Amino acid sequence: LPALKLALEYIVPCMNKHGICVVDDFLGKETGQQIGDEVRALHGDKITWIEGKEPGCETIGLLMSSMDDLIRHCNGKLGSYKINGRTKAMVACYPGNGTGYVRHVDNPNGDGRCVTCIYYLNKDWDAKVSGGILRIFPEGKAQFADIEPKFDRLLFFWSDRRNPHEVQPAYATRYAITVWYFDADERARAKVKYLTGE
Ligand SMILES: Cc1cccnc1CN1CCC2(CC1)C(=O)N(c1ccc(-c3ccccc3)cc1)C(=O)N2c1ncccn1
Ligand SMILES: [Mn+2]
């Protein structure tokens, strides 16, 4: 599906109906492999915050710009949100050391973030061997979903209490990149609570 059709015919209806949406083969093999190389070159869990213009991060920047265009093509149809910006990218290297993340909500208290977008980099990742599954518990539903951290897979989900999630421990190093998109009204309300530079 082309980006306009992908947004309007798949991401929008899927987010509105389920609050979670998986796009496989988002950028293609060549672009995905370049992003994987850049992330491995960056120098317990290791988190680095990336704007996209740093040396050796050009293809990470391309991923970010591509996620931005896809969101733009949703034409304000994602929930009631007016999306006008996003965070930097959280580039994460998770060692396979048998630690996980307890069930949590990314934005439980109105900090501005409305959509979590995760891009995965793990080729031939077997969850039954290496672990690292993301388990999402959509609010009020009888079912939950385990998401495999597949190479070139883009995951969207609402960042608020609709999607508590936990991360299973892993036995091989996992790499993922996350951005969060802001709702204009929520982000404006968050900014009345303090002063510049604080
Ligand atoms: C690790 C993981 C894997 C899969 C799914 N979820 C998670 C965890 N969640 C995802 C990552 C998590 C915790 C929740 C998270 O949202 N923000 C975060 C917090 C605040 C803003 C912000 C930015 C601008 C304005 C307002 C707010 C942006 C991001 C972290 O800094 N985070 C984090 N996480 C681990 C180590 C350090 N920091
Ligand atoms: Mn999370």
# chains A, B, ... in the order shown; residues from 1 in each chain; ligands from 1
>>> residues_near_ligand(ligand="ligand 1", cutoff="9 Å", atoms="only C-alpha atoms and all ligand atoms", output="PyMOL selection string")
chain A and resi 45-47+86-90+92+94+100-107+110-113+116+118+133-135+159+165-167+176+178-180+182+187+190
>>> write_last_selection(atoms="N, CA and C atoms", output="CSV table (one decimal), in the first residue's frame")
chain,number,residue,atom,x,y,z
A,45,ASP,N,20.7,-1.9,30.2
A,45,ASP,CA,20.1,-1.4,29.0
A,45,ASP,C,20.8,-0.1,28.6
A,46,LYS,N,21.0,0.1,27.3
A,46,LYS,CA,21.6,1.4,26.8
A,46,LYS,C,20.6,2.1,26.0
A,47,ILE,N,20.3,3.3,26.4
A,47,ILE,CA,19.3,4.3,25.8
A,47,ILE,C,20.1,5.5,25.3
A,86,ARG,N,6.6,15.8,17.7
A,86,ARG,CA,7.0,14.5,18.4
A,86,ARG,C,8.3,14.7,19.1
A,87,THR,N,8.6,13.7,20.0
A,87,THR,CA,9.8,13.6,20.7
A,87,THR,C,11.0,13.3,19.8
A,88,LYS,N,12.2,13.4,20.3
A,88,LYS,CA,13.4,12.8,19.7
A,88,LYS,C,13.2,11.3,19.7
A,89,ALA,N,14.1,10.6,19.0
A,89,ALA,CA,14.0,9.1,19.0
A,89,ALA,C,14.8,8.5,20.2
A,90,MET,N,14.2,7.5,20.8
A,90,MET,CA,14.8,6.7,21.9
A,90,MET,C,15.4,5.5,21.2
A,92,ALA,N,17.4,2.2,21.5
A,92,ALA,CA,17.6,1.3,22.6
A,92,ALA,C,18.3,0.0,22.2
A,94,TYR,N,19.0,-3.4,24.1
A,94,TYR,CA,18.6,-4.1,25.3
A,94,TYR,C,19.4,-5.4,25.4
A,100,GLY,N,13.3,-7.8,32.3
A,100,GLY,CA,12.2,-7.3,31.5
A,100,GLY,C,11.7,-6.0,32.1
A,101,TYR,N,10.6,-5.5,31.5
A,101,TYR,CA,10.0,-4.3,32.0
A,101,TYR,C,8.6,-4.6,32.5
A,102,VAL,N,8.3,-4.2,33.7
A,102,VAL,CA,7.0,-4.5,34.3
A,102,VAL,C,5.9,-3.7,33.6
A,103,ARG,N,4.7,-4.3,33.7
A,103,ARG,CA,3.5,-3.7,33.0
A,103,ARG,C,3.4,-2.2,33.4
A,104,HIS,N,3.2,-1.4,32.4
A,104,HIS,CA,3.2,0.1,32.6
A,104,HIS,C,2.4,0.7,31.4
A,105,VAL,N,2.0,2.0,31.7
A,105,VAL,CA,1.4,2.9,30.7
A,105,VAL,C,2.5,3.9,30.3
A,106,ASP,N,2.7,4.2,29.0
A,106,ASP,CA,3.8,5.2,28.7
A,106,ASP,C,3.4,6.6,29.2
A,107,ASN,N,2.2,7.1,28.9
A,107,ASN,CA,1.7,8.4,29.3
A,107,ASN,C,0.4,8.3,30.1
A,110,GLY,N,-1.3,12.7,31.1
A,110,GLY,CA,-1.5,13.9,30.3
A,110,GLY,C,-0.2,14.7,29.9
A,111,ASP,N,0.9,14.1,29.6
A,111,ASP,CA,2.2,14.8,29.4
A,111,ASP,C,2.2,15.3,27.9
A,112,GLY,N,1.3,15.0,27.1
A,112,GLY,CA,1.3,15.4,25.7
A,112,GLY,C,1.3,14.3,24.7
A,113,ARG,N,1.8,13.2,25.0
A,113,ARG,CA,2.1,12.0,24.1
A,113,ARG,C,0.8,11.2,23.8
A,116,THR,N,2.5,6.1,20.5
A,116,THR,CA,3.9,5.5,20.6
A,116,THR,C,4.1,4.8,19.3
A,118,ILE,N,7.1,2.4,17.5
A,118,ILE,CA,8.3,1.6,17.7
A,118,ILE,C,8.7,0.9,16.4
A,133,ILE,N,9.5,-10.5,23.7
A,133,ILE,CA,8.2,-10.1,23.2
A,133,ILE,C,7.6,-8.9,24.0
A,134,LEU,N,6.8,-8.1,23.3
A,134,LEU,CA,6.1,-7.0,23.9
A,134,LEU,C,4.6,-7.5,24.0
A,135,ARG,N,4.1,-7.5,25.3
A,135,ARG,CA,2.7,-7.9,25.5
A,135,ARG,C,1.9,-6.7,25.8
A,159,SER,N,-0.6,5.9,23.5
A,159,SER,CA,0.3,6.0,24.6
A,159,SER,C,-0.3,6.0,26.0
A,165,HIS,N,1.4,-2.2,28.9
A,165,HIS,CA,2.2,-3.2,28.2
A,165,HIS,C,3.4,-3.6,29.1
A,166,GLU,N,3.9,-4.7,28.8
A,166,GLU,CA,5.1,-5.3,29.5
A,166,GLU,C,6.1,-5.9,28.5
A,167,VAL,N,7.3,-6.0,28.8
A,167,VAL,CA,8.3,-6.5,28.0
A,167,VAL,C,8.9,-7.7,28.6
A,176,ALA,N,15.7,-1.5,19.1
A,176,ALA,CA,14.5,-0.8,18.7
A,176,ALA,C,14.6,0.7,18.8
A,178,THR,N,12.1,4.2,19.2
A,178,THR,CA,10.8,4.7,19.6
A,178,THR,C,10.7,6.2,19.4
A,179,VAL,N,9.6,6.7,18.9
A,179,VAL,CA,9.2,8.1,19.0
A,179,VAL,C,7.8,8.1,19.5
A,180,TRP,N,7.4,9.3,20.1
A,180,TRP,CA,6.1,9.5,20.6
A,180,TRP,C,5.6,10.8,19.9
A,182,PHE,N,2.9,14.0,19.7
A,182,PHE,CA,2.2,14.9,20.6
A,182,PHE,C,0.8,15.3,20.1
A,187,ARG,N,-0.4,18.8,24.8
A,187,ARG,CA,0.9,19.4,25.0
A,187,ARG,C,0.8,20.9,25.4
A,190,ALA,N,0.1,20.9,29.1
A,190,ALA,CA,1.3,20.6,29.9
A,190,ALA,C,2.2,21.8,30.1
>>> select_by_dssp(residues="chain A", states="strand (DSSP E or B)", output="count of residues only")
60
>>> residues_around(residues="residue 174 (chain A)", least_positions_apart="5", cutoff="7 Å", atoms="only C-alpha atoms", output="ChimeraX atom specification")
/A:93-95,122
>>> atom_distance(atom1="CA of residue 16 (chain A)", atom2="CA of residue 153 (chain A)")
19.8 Å
>>> select_by_dssp(residues="region 58-190 of chain A", states="helix (DSSP H, G or I)", output="NGL selection string")
:A and (58-72 or 127-130 or 184-190)
>>> closest_residue(among="A:79, A:44, A:13, A:108", to="ligand 2", atoms="only C-alpha atoms and all ligand atoms")
A:108
